[PDB]
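**Q**
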Amino acid sequence: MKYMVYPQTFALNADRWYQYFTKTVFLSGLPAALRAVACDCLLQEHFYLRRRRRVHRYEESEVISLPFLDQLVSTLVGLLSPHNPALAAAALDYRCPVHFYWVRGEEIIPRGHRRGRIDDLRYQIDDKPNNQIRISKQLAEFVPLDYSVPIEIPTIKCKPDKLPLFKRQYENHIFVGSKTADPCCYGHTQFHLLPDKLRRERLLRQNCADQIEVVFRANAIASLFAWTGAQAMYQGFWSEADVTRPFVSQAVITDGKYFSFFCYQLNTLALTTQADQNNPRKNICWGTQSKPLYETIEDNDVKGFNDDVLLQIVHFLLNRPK
Amino acid sequence: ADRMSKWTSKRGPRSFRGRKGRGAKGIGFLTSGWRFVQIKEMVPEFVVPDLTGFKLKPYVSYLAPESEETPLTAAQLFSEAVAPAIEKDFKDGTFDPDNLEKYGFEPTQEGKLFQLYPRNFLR
Amino acid sequence: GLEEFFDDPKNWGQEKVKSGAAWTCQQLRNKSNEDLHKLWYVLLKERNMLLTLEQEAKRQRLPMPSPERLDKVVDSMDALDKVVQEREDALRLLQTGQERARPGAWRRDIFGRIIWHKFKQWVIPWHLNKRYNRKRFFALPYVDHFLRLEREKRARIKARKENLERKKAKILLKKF
Amino acid sequence: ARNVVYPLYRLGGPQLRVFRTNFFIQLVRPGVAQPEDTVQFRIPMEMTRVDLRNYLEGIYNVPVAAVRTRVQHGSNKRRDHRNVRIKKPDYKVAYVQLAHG
Amino acid sequence: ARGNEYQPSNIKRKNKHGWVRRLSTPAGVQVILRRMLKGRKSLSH
Amino acid sequence: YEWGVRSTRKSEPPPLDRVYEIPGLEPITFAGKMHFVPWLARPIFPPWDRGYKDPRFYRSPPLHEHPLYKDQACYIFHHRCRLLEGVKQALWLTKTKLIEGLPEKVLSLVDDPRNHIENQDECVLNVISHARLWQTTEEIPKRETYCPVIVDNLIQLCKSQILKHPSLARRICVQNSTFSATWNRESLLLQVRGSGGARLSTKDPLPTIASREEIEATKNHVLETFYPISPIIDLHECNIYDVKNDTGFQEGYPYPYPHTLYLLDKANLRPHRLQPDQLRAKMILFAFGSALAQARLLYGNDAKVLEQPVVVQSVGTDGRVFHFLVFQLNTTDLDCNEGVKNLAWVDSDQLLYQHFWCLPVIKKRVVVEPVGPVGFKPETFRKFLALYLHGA
RNA sequence: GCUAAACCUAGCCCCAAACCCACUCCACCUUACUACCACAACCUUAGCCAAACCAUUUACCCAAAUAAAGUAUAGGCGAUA
RNA sequence: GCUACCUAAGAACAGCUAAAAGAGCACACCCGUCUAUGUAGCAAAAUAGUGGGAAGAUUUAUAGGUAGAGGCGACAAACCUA
RNA sequence: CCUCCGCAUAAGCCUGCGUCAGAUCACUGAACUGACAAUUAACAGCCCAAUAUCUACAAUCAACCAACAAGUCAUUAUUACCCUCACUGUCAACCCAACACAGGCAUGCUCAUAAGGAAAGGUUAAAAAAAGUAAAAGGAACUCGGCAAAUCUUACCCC
Ligand SMILES: [Mg+2]
Ligand SMILES: [Mg+2]
Ligand SMILES: [Mg+2]
Ligand SMILES: [Mg+2]
Ligand SMILES: [Mg+2]
Ligand SMILES: [Mg+2]
Ligand SMILES: [Mg+2]
Ligand SMILES: [Mg+2]
Ligand SMILES: [Mg+2]
Ligand SMILES: [Mg+2]
Ligand SMILES: [Mg+2]
Ligand SMILES: [Mg+2]
Ligand SMILES: [Mg+2]
Ligand SMILES: [Mg+2]
Ligand SMILES: [Mg+2]
Ligand SMILES: [Mg+2]
Ligand SMILES: [Mg+2]
Ligand SMILES: [Mg+2]
């Protein structure tokens, strides 16, 4: 029996809890004709391409927003291929699953025939990001290992169950987006699109207006830990034999209008109680607030295109292994 | 092999456990791919007043004198609502056996938002 | 706020709380229509406080401070509901002359007994309703004998009751 | 409101309302350690989480973020002198996560 | 070995000896009627 | 012999109560007490209409009552159509002559060693292995999983040549786009409704392959005919339709030109997958449809021989076998068989790899064949790249 | 000296008299006790048993107690009716 | 709801030899040859060992059907709630 | 020291070794009585506007080959169509066999365990009884019969 960790979550204040499970310190901040191609993809989905069957408001995220994000990634990567030779050779996946399975902490079974025995907590995270870019050579770290930070890991008083989280038993999976035999094992960038259930106007409908940023943050931490976690395992590292270099990846999370950016460094897989006992080393996640790409779209133009948001997409793509 | 216990949604196989419920009044419908559509209008809205500057409290002073219990009937309601208007209009020639609707009577309940029979409101 | 699920902290665990008398039906009839509606929420909040207080005593394995309060509150609201009900009922008589708010009919079930069948609301008319037409609102002949036996049974029980009444009076005469 | 016939709705109908609501609530101390925002309630069976949200924010002005329910089964094990089962009644449990922290 | 002839299921129990099964035929109706006259508390499964 | 046995049909309603016949009186029915009883007569109810509209419970008009209903029958060719005669039928309808093999212009593109990508063979084999083995968690991926992913990766691979060729910056590939194109052949009304993703969109139209001399030479050739098969077989025969020529885009769309149509057969079952001949037919009609739609947009609704032809090309695949088509629409006057004919170059049954082993074959504890693709040939990728690099 | 023993009253039976209950709110013929969507009922009782077997046959409520009278009559003219 | 038979929609069968099969050896599974124990027993038919089949006329979960003047039956007068 | 068992789902059951207080093969206690707690949906159940119209080509790594018993899975046209996450299952040592019964019991993962368990209340070393291990010389002489233990053979006959 393992907990099923959902990257995209409706749990209140789920960022705090996810930090506990992954032993992650969250840090605020980071460690041309592209505008033309960017806005053209927006206009393609929203306006230019005409729809036989009328678009329902529940279906809009899957039929408008999702193919847009498909399009933007594929164009930008091709266009920036002359700038960055890594992205030329890089493999990109559409809706490929990513799995990670780790153990953190212990419990004593409260009831039953096994009551009062020691058991460990298992956590399984299964995620299907909209887009991801894989590379043959690892990206360079942001900060070294043993990079001490004066910020404490959040601790949860009660059971992990009290945040709505549920135990189920199935196949334990480690997976980077492809099997082991594929040479492109290392991770560049992930693009996520939030479900229509976790939309901001719905979250304004419930009193939880302060949780919009939690959703973005929670998605990043979990999915990135999972992705880097998995990559480290493909290099033979695990709980007992911890990592000898940092493993880094970066993520772009959107709702189709608002964009967030995150960088993750995995420093440790020593999460098991025995391994964790004496280890000051921590995983680090950087991130920033969601910013609107565009104010609105009326007919044939986008109002108030914010360029800096588009460039932050460029700056992430421009990162190359040294 | 039990007959005497109350039958509940806890009790059947998988399909059975889905179908039955407790007493709760449903608030929408289901569509393709088991998507639940909520209707805002099907959801009861609590019509709750303003309580500021309100003198009445939930208990009563014992100092209050006792009075004889007399329930409400249609006869006395007519006497203290409609009857004074009728008799006042009987003094002059304004009263009429036709178009007595002026006194508050209605021929039909069909148009009304709050229909008395059959009742169409909650409490 | 959430705080008003509990009473004034000053009277927490006081063994005794001095409380007023329950509202009378007469008192509530004098009260306005709108004012009854307002009073009714005042009584609502009060009930919930006392109900949570009941449960907390039960948990701590302690006696409640003044348990009779709950009874008073309940009675008041019973009274209020009755008063309001009366007004609606009166108005129905004056407007439609219908004694019952919900429509229904005397019907004959399959067990051959007479029932007051209450109607439900439907979108479609009755002849088109498959589920409704499944119901049998009549008794076939085989039922009549059972009706006989049932009647006979009722009579027996009654006869037995009568006898015992008489017998009891007799012994009560010999002793006095 | 409970134990009353709810009037049917057809498209473009009037908004359904209650004026006096049969539902009565207890706020109860949880038996298990909880998050600080979470509060527990015993609730009528026929009540929904939608209803409880509206109930709390309507009457008590309590801003709520999240509500989850479950149906607790009372034991039918106990027996009397006549060897007949005594049923402890089933009740509904609502957990409410408050908003604004 | 015998004795475990009863291999229980809710679906089968209800479809064989339920209220709806009872009322379905006139014979079954009379079965209900009998139990009502005797004063059974379980009229059917 | 009529179909549908008597028992299965809805039972004939029981004969009417004899009381109804007698002209003097009206029967006593159980209408009054709102339920059936056996002893009173069966009432006859007036037909019922729900006064208000409810979306979930909606009944459509009879077919004559629809506004778009026409006596003249249009025949629609869509994605799920499967031609009986295959390419033979396709050609007839689109009024075309076929030529075996690709044009010489496109084959000259892969002539120079420069135009070849670095580590071509390594990359292509990696694509096959990623798509067909390494893709998902489970051991043997299914066709609907591997078929689009292999094409996606082959497009990516060609798209890496942006370094060498600046012209590739002037294209996009669009998903879930639709075209409609209508014409006549011997006064049969035909309409192609194109659905499916992977349309290659460019700012510039392709230049014409064939010369005007070639186009004039087509006149002497006669369209091949098949008997007693009608050329309209296996098309959705429709009475309710509207005539519209649509490119699938609003006016002033950047990248409005159809460079290439990519077509997939992501069907797991053999009967669900189209036959090779049938698929080539589908791409001919689709390529034609896309070319004719564009022609109608900027040259109007007149039937004429165009001064400058339109070129569209297409690739159809199952994930393993590839078909490549180049199409040239040079005429719009299609009503008569005789005259100028459209042009089609086709290469078929060009398969990228013969077989694939997900799991190693062991016979008597020794590996007969190791894991991987079997019988790979790169010349088919060259052709794929050749069609991509056309117009760049 | 243990185990025990002892009890009078719950109630019930047969009569007479008299023609009986069908019931706040909610739910209940679908898997009853589940708010909310296009078929239909009337149709000879048989048998045990008696006849010392068994085969035709063998009392069963029909609308005033008594008497007519176990009479007329019926019946393997016998049991019996 | 056992069992006999059927109907609908499923599920299971490792390893080794085989010209490749209602094949052979042999798990799980299904059955029950022979022996001993047990005989108010662990058990109103079991246990230990030894055996028969184990890709098929195979085994098995779920739902439905056939009813006693009868059903069902690779006929044993077999089975239809010990 | 043992493990052909375990963990999970389903099916079945219905609070049936959580806490606290009294109380009684074994504790003067607990799998007894009473009082108090608990199982939170993302898993699973619970679905779908209409009328026509479409649907020849198995599965087996589907490729080559090879069949026979011939096979689980597709639409299009037009009309109608804009609101959102409600309700229910979620515990345990547990079910069918009158029992805390050497019996019965579907699927997935682990094929020997990281999980789960304990054959001996204390002693003595009688007979008879059950299950083993070894046995000089002999090797069926036993017996209805090589039944059983062994050992791990050959040629036939009847059906
Ligand atoms: Mg069975
Ligand atoms: Mg005799
Ligand atoms: Mg005799
Ligand atoms: Mg058989
Ligand atoms: Mg065999
Ligand atoms: Mg064998
Ligand atoms: Mg025989
Ligand atoms: Mg015989
Ligand atoms: Mg729930
Ligand atoms: Mg779900
Ligand atoms: Mg252990
Ligand atoms: Mg022991
Ligand atoms: Mg002993
Ligand atoms: Mg001895
Ligand atoms: Mg010897
Ligand atoms: Mg001898
Ligand atoms: Mg001898
Ligand atoms: Mg032997």
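Residue numbers (UniProt numbering), protein chains in the order written: chain A, 89 to 119, 140 to 430; chain B, 15 to 137; chain C, 63 to 238; chain D, 2 to 102; chain E, 48 to 92; chain F, 31 to 422. Just so you know, even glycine gets a beta-carbon here, dropped at the ideal spot from N, CA and C.
1. I'd like to know whether the C-beta of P187 (chain C) is nearer than 8 angstroms to at least one C-beta of chain F.
2. So with Cβ pairs under 8 angstroms, would you call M56 (chain B) a contact of chain E?
3. Would you call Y31 (chain F) buried or exposed, if buried means 16 or more other Cβ atoms sit within 10 Å of its Cβ?
4. Please report the residue range of the beta strand (DSSP E) in which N372 (chain F) lies.
5. Give me the Cα-Cα distance between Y94 (chain A) and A34 (chain D), rounded to the nearest whole angstrom.
6. Roughly how many whole angstroms lie between the Cα atoms of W335 (chain A) and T70 (chain D)?
7. Output the residue ranges of the beta strand (DSSP E) runs that lie fully inside the region 134-183 of chain C and measure 3 residues or longer, sorted by chain position.
8. Applying the criterion that 16 or more other CB atoms from any shown protein chain within 10 Å of the CB defines a buried residue, is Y88 (chain F) buried or exposed?
9. Let me check understanding here. Comparing Cα to Cα, which of A:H207, A:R212, A:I241 and A:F355 lies closest to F424 (chain A)?
10. My assumption, with CB atoms under 8 angstroms, is that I26 (chain D) sits in contact with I44 (chain D). Please give the rounded CB distance.
11. Among F:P171, F:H65, F:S159 and F:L139, which has the Cα closest to the Cα of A167 (chain C)?
12. Chain D partners of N134 (chain B), CB-CB under 8 angstroms?
13. Anything in chain B within Cβ reach of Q98 (chain D), meaning under 7 angstroms, just list it in chain order.
14. Could you name the residues of chain E that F173 (chain C) contacts, counting a contact when the two beta carbons are closer than 9 angstroms?
15. Pick from E:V78, E:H92 and E:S71: whose alpha carbon is nearest that of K197 (chain C)?
16. Between the C-alpha atoms of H94 (chain F) and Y271 (chain F), what's the straight-line distance to the nearest angstrom?
17. So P408 (chain F) packs on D182 (chain F), CB below 8 angstroms; how close in whole Å?
18. Counting C-beta neighbours from all protein chains within 10 Å, is the total for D206 (chain C) 16 or more, i.e. buried, or is it exposed?
19. Terminal residues of the continuous alpha helix (DSSP H) containing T381 (chain A)?
20. What residue ranges within the region 319-401 of chain A form continuous beta strand (DSSP E) runs of no fewer than 3 residues, ordered along the chain?
21. Quick one: what does DSSP say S190 (chain F) is sitting in, helix, strand or coil?
22. Provide the residue(s) that pair with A67 (chain D) in DSSP beta bridges, ordered along the chain.
23. Can you pull the chain D residues whose beta carbon is under 7 angstroms from the beta carbon of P272 (chain A), in chain order?
24. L418 (chain A) and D363 (chain A): beta carbons closer than 8 angstroms?
25. Would you mind giving the Cβ-Cβ distance between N239 (chain A) and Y202 (chain A), rounded to the nearest angstrom? I have them listed as a contact below 8 angstroms.
26. Assess contact between the region 364-378 of chain A and the region 394-403 of chain A, defined as three or more Cβ pairs (one per stretch) separated by less than 8 angstroms. Is contact present?
27. On the three-state DSSP scale, how would you describe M92 (chain A)?
28. According to DSSP, is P73 (chain E) part of a helix, a strand, or is it coil?
29. Residues in its own chain within less than 7 angstroms of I320 (chain A) by CB, not counting five upstream and five downstream?
30. Whose CA, out of B:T122, B:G107, B:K105 and B:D64, lies closest to the CA of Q160 (chain C)?
31. Can we say the region 205-219 of chain A touches the region 375-385 of chain A, given the rule of at least three CB pairs closer than 8 angstroms?
32. Secondary structure at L418 (chain A), three-state DSSP: helix, strand or coil?
33. Helix, strand or coil, according to DSSP, for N62 (chain E) in the structure here?
34. Could you please tell me which residues of the region 36-58 of chain D, in chain order, have their CB closer than 8 angstroms to any CB of chain B?
35. With distances taken between CB atoms, is the gap from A338 (chain A) to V206 (chain A) smaller than 8 angstroms?
**A** So, to answer that:
1. Residue 187 (chain C) sits at position 125 when you count from the first residue of the third sequence. Closer than 8 angstroms: yes.
2. As a position in the second sequence, residue 56 (chain B) is number 42, starting the count at 1. No - not a single Cβ of chain E is within 8 angstroms of the one on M56 (chain B).
3. Taking the first residue of the sixth sequence as 1, we reach residue 31 (chain F) at position 1. With fewer than 16 other Cβ atoms within 10 Å, it is exposed.
4. Within the sixth sequence, residue 372 (chain F) is the residue found at index 342, counting from 1. Annotation: the continuous beta strand (DSSP E) that includes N372 (chain F) extends over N372 to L381.
5. In the first sequence, residue 94 (chain A) corresponds to position 6, counting from 1. In the fourth sequence, residue 34 (chain D) corresponds to position 33, counting from 1. Answer to the nearest angstrom: the Cα atoms are 23 angstroms apart.
6. Within the first sequence, residue 335 (chain A) is the residue found at index 227, counting from 1. Within the fourth sequence, residue 70 (chain D) is the residue found at index 69, counting from 1. Whole-angstrom Cα-Cα distance: 34 angstroms.
7. Those beta strand (DSSP E) runs which fall completely within the region 134-183 of chain C and span 3+ residues are 166-170 and 176-180.
8. Indexing the sixth sequence from 1 puts residue 88 (chain F) at position 58. With fewer than 16 other Cβ atoms within 10 Å, it is exposed.
9. Here residue 424 (chain A) corresponds to residue number 316 of the first sequence, with the count starting at 1. Cα-wise, what sits closest to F424 (chain A) is A:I241.
10. Here residue 26 (chain D) refers to the residue found at position 25 of the fourth sequence. Here residue 44 (chain D) refers to the residue found at position 43 of the fourth sequence. A Cβ-Cβ distance of about 7 angstroms is found for the pair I26 (chain D) and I44 (chain D), placing them in contact under the 8 angstroms criterion.
11. Taking the third sequence and counting its residues from 1, the one referred to as residue 167 (chain C) is at position 105. Of F:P171, F:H65, F:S159 and F:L139, the residue nearest in Cα terms is F:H65.
12. As a first step, residue 134 (chain B) must be located in the second sequence, where it is residue number 120. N134 (chain B) reaches chain D at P8, counting residues in chain order whose Cβ is nearer than 8 angstroms.
13. The count along the fourth sequence starts at 1 and reaches residue 98 (chain D) at position 97. Near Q98 (chain D) there are no residues of chain B at all, since even the closest Cβ is about 20 angstroms away, more than 7 angstroms.
14. Walking along the third sequence from the start, residue 173 (chain C) turns up at place 111. Simply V76, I79, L80 and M83.
15. Taking the first residue of the third sequence as position 1, residue 197 (chain C) is located at position 135. Nearest neighbour of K197 (chain C) by Cα position, chosen from E:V78, E:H92 and E:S71, turns out to be E:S71.
16. As a first step, residue 94 (chain F) is located in the sixth sequence; it is residue number 64 there, counting from the start. As a first step, residue 271 (chain F) is located in the sixth sequence; it is residue number 241 there, counting from the start. The alpha-carbon of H94 (chain F) is positioned some 12 angstroms away from that of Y271 (chain F).
17. For the purposes of this step, residue 408 (chain F) is taken as residue 378 along the sixth sequence, with counting starting at 1. For the purposes of this step, residue 182 (chain F) is taken as residue 152 along the sixth sequence, with counting starting at 1. So it is not a contact: roughly 19 angstroms between Cβ atoms.
18. Along the third sequence, one-based indexing puts residue 206 (chain C) at 144. By the 10 Å Cβ count, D206 (chain C) comes out exposed.
19. Translated into positions along the first sequence, residue 381 (chain A) becomes position 273. Judged by DSSP secondary structure, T381 (chain A) falls within the alpha helix (DSSP H) whose first and last residues are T381 to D384.
20. Whole beta strand (DSSP E) segments, 3+ residues: 355-362, 366-374 and 391-395.
21. Locating residue 190 (chain F) in the sixth sequence gives position 160, where the first residue counts as 1. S190 (chain F): helix per DSSP, three-state reduction.
22. Taking the first residue of the fourth sequence as position 1, residue 67 (chain D) is located at position 66. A67 (chain D) pairs with D:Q98.
23. As a first step, residue 272 (chain A) must be located in the first sequence, where it is residue number 164. Think of a sphere of 7 angstroms around the beta carbon of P272 (chain A): the chain D residues whose beta carbon falls inside it are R69, in chain order.
24. Sequence index remark: in the first sequence, residue 418 (chain A) carries index 310 (1-based). Sequence index remark: in the first sequence, residue 363 (chain A) carries index 255 (1-based). Contact: no.
25. Here residue 239 (chain A) corresponds to residue number 131 of the first sequence, with the count starting at 1. Here residue 202 (chain A) corresponds to residue number 94 of the first sequence, with the count starting at 1. About 6 angstroms separates the two Cβ atoms, so the contact holds.
26. Short answer: they touch.
27. The count along the first sequence starts at 1 and reaches residue 92 (chain A) at position 4. The three-state reading of DSSP puts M92 (chain A) in strand, counting E and B together.
28. Position 26 of the fifth sequence holds residue 73 (chain E). In this structure, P73 (chain E) counts as helix in the three-state DSSP scheme.
29. Indexing the first sequence from 1 puts residue 320 (chain A) at position 212. Here the set comprises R308 and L311.
30. Within the third sequence, numbered from 1, the residue matching residue 160 (chain C) stands at position 98. Nearest of B:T122, B:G107, B:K105 and B:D64 to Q160 (chain C), Cα basis: B:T122.
31. In this structure the region 205-219 of chain A lies against the region 375-385 of chain A, because at least three pairs of beta carbons, one per stretch, are closer than 8 angstroms.
32. If you number the first sequence from 1, residue 418 (chain A) lands on position 310. Of the three classes helix, strand and coil, the one that applies to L418 (chain A) here is helix, per DSSP.
33. Residue mapping note: residue 62 (chain E) aligns to position 15 of the fifth sequence, counting from 1. DSSP places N62 (chain E) in helix when its eight states are reduced to three.
34. Taking 8 angstroms as the Cβ-Cβ cut-off, the region 36-58 of chain D approaches chain B at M46, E47, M48, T49, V51, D52, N55 and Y56, given in chain order.
35. Mapped onto the first sequence, residue 338 (chain A) falls at position 230. Mapped onto the first sequence, residue 206 (chain A) falls at position 98. Yes. Within cutoff.
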